[PDB]
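Going by the order they are written in, the chains are A, B, C, D and E; count residues from 1 in each one.
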Amino acid sequence: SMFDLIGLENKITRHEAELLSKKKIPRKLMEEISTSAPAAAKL
Amino acid sequence: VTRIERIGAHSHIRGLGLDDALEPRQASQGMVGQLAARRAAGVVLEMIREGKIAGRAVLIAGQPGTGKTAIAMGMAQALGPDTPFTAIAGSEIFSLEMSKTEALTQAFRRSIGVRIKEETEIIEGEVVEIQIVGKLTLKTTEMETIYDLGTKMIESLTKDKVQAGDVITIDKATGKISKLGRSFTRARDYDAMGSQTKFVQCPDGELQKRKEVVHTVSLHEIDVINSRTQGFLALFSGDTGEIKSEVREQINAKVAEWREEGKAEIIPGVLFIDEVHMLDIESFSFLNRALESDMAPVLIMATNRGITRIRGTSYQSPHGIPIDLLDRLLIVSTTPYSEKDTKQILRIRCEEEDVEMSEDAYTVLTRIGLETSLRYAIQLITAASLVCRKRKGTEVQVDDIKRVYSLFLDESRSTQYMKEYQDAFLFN
Amino acid sequence: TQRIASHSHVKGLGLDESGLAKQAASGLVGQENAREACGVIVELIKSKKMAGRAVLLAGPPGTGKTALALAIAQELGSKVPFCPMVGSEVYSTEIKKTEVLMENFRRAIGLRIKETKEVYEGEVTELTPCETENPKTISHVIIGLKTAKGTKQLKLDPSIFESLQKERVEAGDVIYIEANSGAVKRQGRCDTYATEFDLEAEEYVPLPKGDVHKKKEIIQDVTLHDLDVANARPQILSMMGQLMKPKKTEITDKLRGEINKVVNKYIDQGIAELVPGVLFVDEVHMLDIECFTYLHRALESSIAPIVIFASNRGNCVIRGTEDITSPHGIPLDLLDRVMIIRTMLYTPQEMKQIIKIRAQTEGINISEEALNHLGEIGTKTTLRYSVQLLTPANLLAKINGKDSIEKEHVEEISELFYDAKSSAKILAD
Amino acid sequence: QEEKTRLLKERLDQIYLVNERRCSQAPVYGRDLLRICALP
Amino acid sequence: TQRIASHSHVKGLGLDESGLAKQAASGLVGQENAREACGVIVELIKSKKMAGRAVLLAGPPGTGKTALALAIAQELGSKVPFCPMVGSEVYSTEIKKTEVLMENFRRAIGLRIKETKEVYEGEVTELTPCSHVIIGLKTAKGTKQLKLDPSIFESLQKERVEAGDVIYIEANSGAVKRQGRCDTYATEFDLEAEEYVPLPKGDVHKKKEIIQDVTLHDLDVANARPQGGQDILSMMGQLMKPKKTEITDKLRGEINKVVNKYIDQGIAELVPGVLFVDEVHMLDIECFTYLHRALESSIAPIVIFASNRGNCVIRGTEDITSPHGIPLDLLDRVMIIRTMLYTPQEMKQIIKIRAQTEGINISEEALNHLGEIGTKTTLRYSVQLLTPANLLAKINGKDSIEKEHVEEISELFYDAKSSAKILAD
């Protein structure tokens, strides 16, 4: 499926793909998330 | 590691090897000799870069092995990847799916790039809470906001099953929702993950960003997309059929309007048709009119035929092209290589193939190439390299060249041996 | 438009009011007799009286046949449909050659549709029914519509109440109501009620400008072939048709007759106006015998456009025949149905004029001695070759830091690039 | 706890690999390209 | 295999370490110069450095051209792709000849893709949606509790997974397959229309590093048309007539880019192979003229041609005669390996090897007679007489072929030359 191209035409967009590439979670952030593991009022 | 692209017949060529004044430098960027032809190719490349004049046709004509396709590859390399360069063989137009005129039109339109700019206003953020009237809460690393939801928007949020913790993009111009992924967190780790699940960081900056995106397409792609409801599938399968003139005219006019509005840019490219003498009289007649269009790319052709029969007719014409089409184009002529040029071509091919050869080996291989053909000597380069490696040597000697010369025959020797035993071969 | 083509300098037939051709005008040089006859052909096209009249441009290569056809097209304007075709295009893989020919015939007959729509559009301000005693009974439905110009109250027929609830029209909704049918159509909440905090796109629209009641004229230009294609395959059968490849179809004469009837009804009703135009068939010698025979019947039709043929083949064997030679690769039967306009070779002076006009259109500064040298080259070789040398010589000059072409640049460009005859000489040796 | 944390590390490594492969690949054309290339 | 083919005895080229051809080894007899040349060609192919270089095997009919190509294929191995095709197979009625050639070019390029599959497999003991899904899997080695992403719940519902069923879950893709009911419940009813599958033997979590070999053409056809889509148009596409299509150059370029990316990542390995085009004289001028560019490409594989024609006319051309039925322009792009006629002793050795391969016991006198017959007619005719002669020997109650049986068979069956002589009279 890593080579499936036509399946991406109905699933993603080039700008969305660039956003996904930029904002992918790095290893250190997952390590930190595993290591660590708002009342509204109408003013 | 063995990448998809390996050492081919033109891998050593990385441009035309010209200077700023288009003066051809000997042995530059992999090109040897062909000074006049390389200068003409540089002039044509400047014409292509300028782009002002549509439908200029150039025919690179010469003897076999005189670098016509080498010059074409040098032009393709020197020309940037941004500018289209559609390289086909003459036989690619004879298709059972579409007429020859349709195939030539598609080659023409594939060689014209159109670069379309677009600005969109999208809201991208991580979903904090959703309440089924309706309310949606989004956040970034710098902001948090809450929106009110309409009927169609709540329907879209429900159908896509947007859940708290997702990162979504909503386009204000169209009101459509796209889920970029779900944010990883202490509680969202699982032992197995779905195929669609993508982990993504919370978006930065402001929720409502203003985008500027530029799409690079070609007129053929626009034609195919507009050919039918699911036309973009034909951009993969090639089952485009014959695209109607209505669609092409409407696209030419829409692209003209876009360029007038500044939305799109037109990048005219090159259509190289190698071995053009496979085209028939119908194809040449179509080209005579096709080059008169303002959306015509710069056309480059290559052939080695002399005064030969035009395909599809009984007439004989220079280069196998009727004089109607020959009068519409400029001819660049290649010249046979000298001993020095042959030796330098062999040296560059050895350098690309990573073959170390003794000087006597260079002399003998150059003599073999002059006597038989340049391509045969190029092939014998790697043949002798393999034979030398089998000998546990580190440098190719004359003995290895004699060995491969005895193992692999050329056209002349093979023809002589066939004629000697012609009683055994069929249909002499 | 912006890019410069081989014919981008042709702006029309340089004819005077008396129908005579100027020596050099509108980008055309010489061809006085041929431009005058093209002028009579242009008058024939604009007269709209005749159908199926054929004219053959015949003459040596590079004698302006295509330039004269595009000049006729420029003279006719953009209203008259001018359909260029090349004879190689009939050999389609989806449909028969006669279908391609008939389709291109119908592409050259234009039809201009005039639609006049009366609409009452505005933001709804009230939807009060008018109760009455029947002779709860309502006799009218009052709708108040607001636009940037003002407000209007409409005493609509009571039956519109069904459409109002079907469209879910409410106070503050922008709607439009067509005068004829009286059916309401809703187009979104007025943007004056849109907040920046709510998310919807299609459901908001700006308050209509102009008067509440509007009379709109919509003019659309179509061809008879456009109607043919539209009525041949209207757009689950639609799903299968859109999934499968929508090939061209051999449209039957029944459909064309029905469409002719409908267009005649529109012309009688005044809704539409016909604009018969021109089909230009270049390289007509690529047609085969079956195509020429079909053209015999096609040119005799009362519906056919005026067709412009071009040929340069001389006495050549007709395609699809064996050893049957004809004066232009066209059977003599078709040649009896066409008027022939001869085109003649240019003098060196005319060649210089054309070269200068081309240089002007390409934006190239050419010196007088350079122009003379390129003209003399063009008296050898061909006109097309000498024209093609212009821009590479301009680029060579720009490389050398010269704003105008000098003779040395023409010499160098000629030394780099060769013509068909020099290449034939090299091949012979 | 060493085995459990090694298994967790392996899960995190596989998560990273799969997510990198998924987010690495862009469409050839995309939805927006088709939308903007469409005639009215 | 089990059935003896025309080349079943060819197991390789029979070269020594020094690259010289043994006189009789690996089922090949003679053709020393041609076997040594094919050895250099095998080294070229295994080098995985060059692209689009081509070889033409030339010589009389029955001189081992196809046998030599199959010897090269044997020497390369199963991992290296080897696409055989004949010149007449380009005349597809669905796609243009250049498309058939491009397809065969792509087939000869392999791509070994390396992956660790992780799968959770077992019997279902609990399925409670909580969010997240908690599932409990049981195997012969124990029971495991797993927390599943909520997107897998839709997959579990589609597969109709219940407690007691044996299923497997892919860790990378989340695909769930219900592979029947556990055999422990085979006695829950006396008559149910269900497929009982045994409880998995290993652990619930199974790891296995695997390799798969694919060709670039497989990727091309996978991306040619959507598959597995739940949308109605994708379902109709599943229903519709499958046709070959003229796959576009842009899709091929994109596939090349993605494959290059994954080769860089290290999870795929290029395995360039060989495209074998037998009877290359059958190609028309259009095919050869396309093959010029095809061989000049940097992605093309090593292409082995074989022609038996003399100075015959190129197909699709009127009266233009070229050696081997191949235009001189393409001949300049290939290396020509010449095959020679066999000597009578070599024919005897070949007949012996063929008999040994077919399992036929032949006496010395019958072998000499068959060698004489092959010298007088053709090698293939003598070799073909072995099986009928063995049949007559078994009918006569003999386990070995005598000269009488060869005489009788050569009387029953005529060679081509004898039939030609008879029809000349």
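Some points to look at:
Quick note on the criterion: contacts are C-beta pairs under 8 Å (C-beta built on N, C-alpha and C of every residue); 3 or more make two chains touch, one makes a residue touch a chain.
A quick map from chain label to UniProt name: B = RuvB-like 2; C, E = RuvB-like 1.
Hopping across touching chains, the smallest step count from chain B to chain D is 1. Comparing the chain pairs C-E and A-D, the larger number of C-beta pairs in contact belongs to A-D.
Innermost chain of the displayed assembly, by C-alpha centre distance to the whole-protein C-alpha centre, is B.
For the pair chain C and chain D, the distance between C-alpha centroids works out to 48 Å. For the pair chain A and chain B, the distance between C-alpha centroids works out to 33 Å. The residues of chain A that reach two or more other chains are 1-2, 5-6, 9-10, 13-16, 20, 24-25, 30, 34, listed in rising order.
Chain contacts: chain C has residues 243 touching two or more partner chains. In chain B, the residues touching two or more other chains are 95-97, 189, 191, 193, 195, 198-200, 213, 215, 230, 232-233, 235-236, 239. Interface note: chains touch in the pairs A-B, A-D, A-E, B-C, B-D, B-E, C-E, D-E. Residues of chain E that touch chain B in their complex: 18-19, 33, 36-37, 40, 43-44, 47-53, 58, 60-61, 93-99, 109, 120, 132, 146-149, 151-152, 155, 169-171, 173-175, 216, 223-226, 233, 243, 245-248, 250-251, 256, 259-260, 263-264, 266, 269-270, 272, 285-287, 289-290, 292-293, 295-300, 308-312, 318, 323-324, 328-329, 331-333, 335-338, 341. Residues of chain A touching chain B in their complex: 1, 5-6, 9, 13-16, 19-20, 23-25, 29-30, 33-34, 36-37. On the chain D side of its complex with chain A, the touching residues are 8, 12, 15-16, 19-21, 23-33.
Chain contact summary for the complex, chain B toward chain E: residues 1-11, 64-65, 69, 87, 89-92, 94-97, 190-197, 230, 233, 235-239, 274-275, 278, 304, 309, 353, 373, 375-376, 379, 382-383, 386-387, 389-390, 404, 406-411, 413-415, 417-419, 421-422, 424-428.
Across the interface of their complex, chain D is touched by residues 118, 171-172, 250-251, 254, 258, 261 of chain E.
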